[PDB]
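Residue numbers (the deposited numbering), protein chains in the order written: chain A, 0 to 272; chain A', 0 to 272; chain A'', 0 to 272. A prime marks a further copy of an entry chain.
Positions of the beta carbon are idealized from the N, C-alpha and C atoms, including for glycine.
Input: a single structure, listed below in structure tokens.
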Amino acid sequence: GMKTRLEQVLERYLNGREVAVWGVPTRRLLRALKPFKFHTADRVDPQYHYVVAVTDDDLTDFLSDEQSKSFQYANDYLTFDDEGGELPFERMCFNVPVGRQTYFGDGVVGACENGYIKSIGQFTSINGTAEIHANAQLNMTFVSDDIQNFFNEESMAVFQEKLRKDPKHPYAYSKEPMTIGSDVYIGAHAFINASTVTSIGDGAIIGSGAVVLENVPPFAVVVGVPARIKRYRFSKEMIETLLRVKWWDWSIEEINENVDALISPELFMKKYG
Amino acid sequence: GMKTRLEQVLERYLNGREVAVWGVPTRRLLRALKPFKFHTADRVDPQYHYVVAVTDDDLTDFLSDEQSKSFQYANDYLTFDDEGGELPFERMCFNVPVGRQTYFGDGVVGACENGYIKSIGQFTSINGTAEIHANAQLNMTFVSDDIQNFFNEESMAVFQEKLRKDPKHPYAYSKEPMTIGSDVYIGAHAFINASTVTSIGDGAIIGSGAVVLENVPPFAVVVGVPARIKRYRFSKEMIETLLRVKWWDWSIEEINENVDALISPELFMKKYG
Amino acid sequence: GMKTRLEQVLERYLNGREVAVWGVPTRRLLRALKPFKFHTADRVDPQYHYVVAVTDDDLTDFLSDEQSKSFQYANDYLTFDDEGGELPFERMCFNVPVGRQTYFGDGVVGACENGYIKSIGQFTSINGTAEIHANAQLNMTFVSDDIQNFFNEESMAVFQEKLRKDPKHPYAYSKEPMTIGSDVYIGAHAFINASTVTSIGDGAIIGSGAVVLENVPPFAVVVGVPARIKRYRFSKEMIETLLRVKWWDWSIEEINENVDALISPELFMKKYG
Ligand SMILES: NC[C@H]1O[C@H](O[C@H]2[C@H](O)[C@@H](O[C@H]3O[C@H](CO)[C@@H](O)[C@H](N)[C@H]3O)[C@H](N)C[C@@H]2N)[C@H](N)C[C@@H]1O
Ligand SMILES: NC[C@H]1O[C@H](O[C@H]2[C@H](O)[C@@H](O[C@H]3O[C@H](CO)[C@@H](O)[C@H](N)[C@H]3O)[C@H](N)C[C@@H]2N)[C@H](N)C[C@@H]1O
Ligand SMILES: NC[C@H]1O[C@H](O[C@H]2[C@H](O)[C@@H](O[C@H]3O[C@H](CO)[C@@H](O)[C@H](N)[C@H]3O)[C@H](N)C[C@@H]2N)[C@H](N)C[C@@H]1O
Numbered sequence: 000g001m002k003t004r005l006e007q008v009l010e011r012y013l014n015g016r017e018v019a020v021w022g023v024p025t026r027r028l029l030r031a032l033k034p035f036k037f038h039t040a041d042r043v044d045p046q047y048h049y050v051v052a053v054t055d056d057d058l059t060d061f062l063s064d065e066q067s068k069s070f071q072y073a074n075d076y077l078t079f080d081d082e083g084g085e086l087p088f089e090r091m092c093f094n095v096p097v098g099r100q101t102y103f104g105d106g107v108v109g110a111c112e113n114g115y116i117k118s119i120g121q122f123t124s125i126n127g128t129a130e131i132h133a134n135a136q137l138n139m140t141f142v143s144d145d146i147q148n149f150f151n152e153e154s155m156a157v158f159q160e161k162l163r164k165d166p167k168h169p170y171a172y173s174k175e176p177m178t179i180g181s182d183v184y185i186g187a188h189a190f191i192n193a194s195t196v197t198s199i200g201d202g203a204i205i206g207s208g209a210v211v212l213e214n215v216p217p218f219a220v221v222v223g224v225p226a227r228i229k230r231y232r233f234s235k236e237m238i239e240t241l242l243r244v245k246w247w248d249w250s251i252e253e254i255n256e257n258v259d260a261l262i263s264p265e266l267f268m269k270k271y272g
Numbered sequence: 000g001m002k003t004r005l006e007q008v009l010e011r012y013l014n015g016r017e018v019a020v021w022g023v024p025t026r027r028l029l030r031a032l033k034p035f036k037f038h039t040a041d042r043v044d045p046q047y048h049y050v051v052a053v054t055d056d057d058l059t060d061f062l063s064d065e066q067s068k069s070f071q072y073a074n075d076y077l078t079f080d081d082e083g084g085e086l087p088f089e090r091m092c093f094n095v096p097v098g099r100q101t102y103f104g105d106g107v108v109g110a111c112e113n114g115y116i117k118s119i120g121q122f123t124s125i126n127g128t129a130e131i132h133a134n135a136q137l138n139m140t141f142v143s144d145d146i147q148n149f150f151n152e153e154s155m156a157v158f159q160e161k162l163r164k165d166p167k168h169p170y171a172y173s174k175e176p177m178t179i180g181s182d183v184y185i186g187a188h189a190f191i192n193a194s195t196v197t198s199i200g201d202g203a204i205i206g207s208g209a210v211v212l213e214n215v216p217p218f219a220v221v222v223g224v225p226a227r228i229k230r231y232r233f234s235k236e237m238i239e240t241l242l243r244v245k246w247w248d249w250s251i252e253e254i255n256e257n258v259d260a261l262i263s264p265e266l267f268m269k270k271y272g
Numbered sequence: 000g001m002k003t004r005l006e007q008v009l010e011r012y013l014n015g016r017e018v019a020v021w022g023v024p025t026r027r028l029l030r031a032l033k034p035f036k037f038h039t040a041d042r043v044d045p046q047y048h049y050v051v052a053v054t055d056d057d058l059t060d061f062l063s064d065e066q067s068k069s070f071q072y073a074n075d076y077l078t079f080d081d082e083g084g085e086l087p088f089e090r091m092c093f094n095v096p097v098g099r100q101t102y103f104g105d106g107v108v109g110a111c112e113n114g115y116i117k118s119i120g121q122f123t124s125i126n127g128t129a130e131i132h133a134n135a136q137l138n139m140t141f142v143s144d145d146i147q148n149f150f151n152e153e154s155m156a157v158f159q160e161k162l163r164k165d166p167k168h169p170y171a172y173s174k175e176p177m178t179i180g181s182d183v184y185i186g187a188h189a190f191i192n193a194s195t196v197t198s199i200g201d202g203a204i205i206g207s208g209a210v211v212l213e214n215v216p217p218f219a220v221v222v223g224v225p226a227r228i229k230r231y232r233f234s235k236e237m238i239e240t241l242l243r244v245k246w247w248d249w250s251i252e253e254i255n256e257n258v259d260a261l262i263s264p265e266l267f268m269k270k271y272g
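What follows is the structure, encoded as structure tokens:
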């Protein structure tokens, strides 16, 4: 990927204001800010500046300052050290689609970096301590991966080809990057196997501490080690219609009107069933 | 909550010395220190200064410096970036009671912030990678929580009321904040469900990687996914008397005298049974 | 332990160049660099400088800079905040042997600090969120460990002796520090019990989220809570010969030649069986 979660915000919300850095500036912050005018935060004002808190640590201090009461969550301030943070619009994590009001931890950001993710839906909650890791080669005399560094150009060839041919897909090789649907909840200390999973269905619930080794159907609940299907969120009737209506792609338009539907499943289907 | 773990220490142990910052100062450190006199650490002396190490990283460097051999653990130095660290006196984590020589990771500090915790006992060890998270709404068409941000004032009402009425207590709503007793041990990669747990009994042991979904009785051992009662630490005789004596509330007074009792359970009951 | 992963590299690869710090300097970096000449990175050149990125965050920014394309992974740059990072040569983590192209997270670095580790083999991959923790005392009225701080010199004696006598080895007391063989893979959110484990066999695979309570035989696969032996990587024939040949101690010499053997187990034994 190429661009910063902050810069996507600044490109959309800065609106000719100065960036006000609230916190100790880092190397890659200073770079992400070089297209803009910035200075260390002193006295701030939503009319004059965009406050950028470097770390979540720095954000708590700003919010606890009386000057923060006029700044709206994303239109006026942001936390630099939070590439998995949620936004009110569709965004990129490296080059990975992430829908509105979707969030994930650094473990998922790295999976976005390693090309493990094809896409992440809308209104999806992935806890920070979740993880997405692929497998190493299991059909070889060795299991290590950093022995590669000792390989020369010749040995590298014969090694990379067997990885491409392996149908178990070590390092998610020769497969499709996995997809995460919308309205998905993922517990903590969880594991989705990038070497065997290609699709988390929309609405799929992944319990805490669950290790998910196969694709999860939409609106399924999975817990345990390994993950088993404990229940389904909704009767199948809802499931087919929910795939049809796709509430998660509604604009803020249809969300506030149909709040009574989105809140009572019973009310949702008496109108859309 | 309102106040800093460091400031509670400085209010009690500074004793008219200067704070000596050992490390790169952060935004919220600089604020926590504005009631006091401070300067970047150069040459230090327990008579002259209170050394404040910013991060646990910065603490290791100070202890490894020859100037640190005269500073006692809490009376003379402290690590700013350790709100879950243990103290020799009863303290607050935000507005949460935390007894003496009790510690926990940032996951528990956030639960203290989210109001999930009512209290934490004395001499309780909670590993850093432990976690306390509540559940989202399960009786709604959606499971997401940050869709809220898209709600207006009108849709917000009808949404918040159903949360208050939900007996499953999403986000620990309309329940009592959970309590953690004294002499409690909690393994790592563990989970206590703030949406269904209200009391960890005194002495309760929570094995590593265990997901705890219901209240744990005092002095019970729980492991597995989900957590089951593997054994009890003590015969019930000890349990009733341990609730009566409550050694964990002894001053340092009765601790050093009754060390032979506190060390041999057999000796503990021949004196208190 | 005594010395820095960076300093072991600088002592071997600096070769009369200047250290160029890429990132905000920390207290313990500034100390690790005091034997050398250094300055904040401006324009860099592998001939003139050794680039030191402070944090993994700072490393990503350097690699993404056009000046980084001439710097080789370890000979020319390094990440200070990565004591578990892999190296092309045998190294120390505190005073713990760590072989070539071996890596582990901070959880394992702390175990190296707590003296829990005797050694770590070659070409071994331990994920960052892995952990190695010992147990507290289970034969005492209390389970807490920081009550110790309240003990005086007298009560300390009678407490420390019972720890030394405990055959369950709380805090890995009176046992041998555990050993991790070569070609070992360890999943994330995993647990090796320093209070009951003394040897992870060479080639042993530890699945994600697995809690390992007993020694693991060489080339065994363990998953589940608690860990059970799911399968063996190789037929026993390979296992005995793999212990004999010990490919992991080959120089880069025998690695690139025998790549066809190291890649096809079938080819490995037709030559070494
Ligand atoms: N604070 C209580 C809430 O925590 C979570 O949501 C919260 C998310 O966890 C938050 O996510 C942020 O915090 C998490 C956790 O540290 C990070 O993984 C993530 N990258 C960062 O953006 C996000 N910024 C706010 C959202 N309300 C729970 N899913 C719901 C709970 O009520
Ligand atoms: N060092 C070995 C010990 O580690 C732990 O205790 C230790 C605690 O884990 C320590 O807690 C500190 O370290 C932990 C872990 O990083 C952090 O979660 C916590 N917030 C921080 O305050 C605390 N400062 C010291 C205490 N001896 C084990 N419970 C016992 C073990 O012998
Ligand atoms: N990037 C994808 C790869 O991630 C891992 O390897 C990678 C290791 O996890 C890396 O280790 C580094 O990153 C890990 C994870 O953050 C840290 O625990 C560790 N201390 C740090 O040195 C190491 N520097 C590079 C190595 N290729 C997987 N084992 C293999 C996967 O293909």
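- The region 59 to 147 of chain A is shown to contain whole beta strand (DSSP E) runs of 3 or more residues at 76 to 78, 90 to 92, 95 to 97, 116 to 119, 130 to 132, in chain order.
- For secondary structure counted as the alpha helix (DSSP H) over 4 or more consecutive residues, the region 9 to 35 of chain A'' holds these complete runs in sequence order: 26 to 31.
- The alpha-carbon separation between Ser173 of chain A and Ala219 of chain A' amounts to approximately 49 Å.
- A direct Cα-Cα distance of roughly 57 Å separates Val157 of chain A from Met268 of chain A.
- When Cβ-Cβ separations below 9 Å define contact, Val43 of chain A'' makes no contact with chain A'.
- In this model, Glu6 of chain A' and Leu29 of chain A' are separated by some 12 Å (Cα to Cα).
- Leaving aside the five residues that flank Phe88 of chain A' on each side, the residues in its chain whose CB is nearer than 8 Å to its CB run, in chain order, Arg11, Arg99.
- By the neighbour-count criterion, in which a residue is buried when 16 or more other Cβ atoms sit within 10 angstroms of its Cβ, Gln46 of chain A' is exposed.
- Of A':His38, A':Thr78, A':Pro169, the smallest CA-CA separation from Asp56 of chain A' is found for A':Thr78.
- Counting of Cβ neighbours within 10 angstroms places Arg227 of chain A'' among the exposed residues, the total staying below 16.
- Where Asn192 of chain A is concerned, the enclosing beta strand (DSSP E) starts and stops at 190 to 192.
- Listed along chain A'', the residues sitting closer than 9 Å to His132 of chain A by beta-carbon distance are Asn126, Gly186, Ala187, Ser207.
- With fewer than 16 other CB atoms across the displayed protein chains lying within 10 angstroms of its CB, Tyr72 of chain A' is exposed.
- Using beta-carbon distances, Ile238 of chain A'' does not count as an interface residue toward chain A, since no partner is under 9 Å.
- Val50 of chain A places its beta carbon 9 Å or farther from that of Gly83 of chain A.
- Contact of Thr123 of chain A with chain A' by beta-carbon distance below 8 Å involves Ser143.
- For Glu17 of chain A'', the CB contacts under 6 Å within the same chain, skipping 5 residues up- and downstream, are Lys36, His48 in chain order.
- Taken in chain order, the complete alpha helix (DSSP H) segments of 4 residues or longer contained in the region 215 to 263 of chain A' are 235 to 244, 251 to 256, 258 to 262.
- Within chain A', not a single residue places a beta-carbon under 8 Å from that of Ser250 of chain A''; the smallest gap is close to 35 Å.
- Just so you know, the alpha carbons of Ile146 of chain A and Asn74 of chain A'' end up roughly 17 Å apart.
- Note: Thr39 of chain A' is bridge-paired with A':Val20 in the DSSP secondary-structure output.
- Interface criterion not met: the Cβ of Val157 of chain A' is under 9 Å from no Cβ in chain A''.
- Among the residues facing chain A, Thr39 of chain A' is not included, as its CB has no counterpart in that chain under 9 Å away.
- The Cβ of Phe150 of chain A' sits closer than 9 Å to at least one Cβ of chain A.
- For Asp41 of chain A, the number of other beta carbons within 10 angstroms of its own is below 16, and it is reported as exposed.
- The Cβ atoms of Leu32 of chain A and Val20 of chain A sit closer than 9 Å to each other.
- Residue range 152 to 164 is occupied by the alpha helix (DSSP H) that includes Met155 of chain A'.
- Residues of the same chain with a CB within less than 6 Å of the CB of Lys270 of chain A'', apart from the 5 flanking positions on each side, are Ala260 in chain order.
- Contact annotation, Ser181 of chain A' with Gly120 of chain A': C-beta distance approximately 3 Å; criterion of less than 8 Å satisfied.
- Contact annotation: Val142 of chain A' and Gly0 of chain A have beta-carbon atoms that are not nearer than 9 Å.
- Contact annotation: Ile204 of chain A and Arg232 of chain A have beta-carbon atoms nearer than 9 Å.
- Taking the Cβ of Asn192 of chain A' as the reference point, every heavy atom of ligand 1 lies at 8 Å or farther away.
- Distances taken from the Cβ of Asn74 of chain A' to the heavy atoms of ligand 2 include none shorter than 8 Å.
- With respect to chain A, the C-beta atom of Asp201 of chain A' has no partner C-beta closer than 9 Å.
- Sequence-distant partners of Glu130 of chain A' (beyond 5 residues in either direction) whose C-beta falls short of 6 Å from its own C-beta, in its chain, are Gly106, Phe190.
- For chain A, the residues of the region 86 to 97 of chain A'' that bring a beta carbon within less than 8 Å of one of its beta carbons are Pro87, in chain order.
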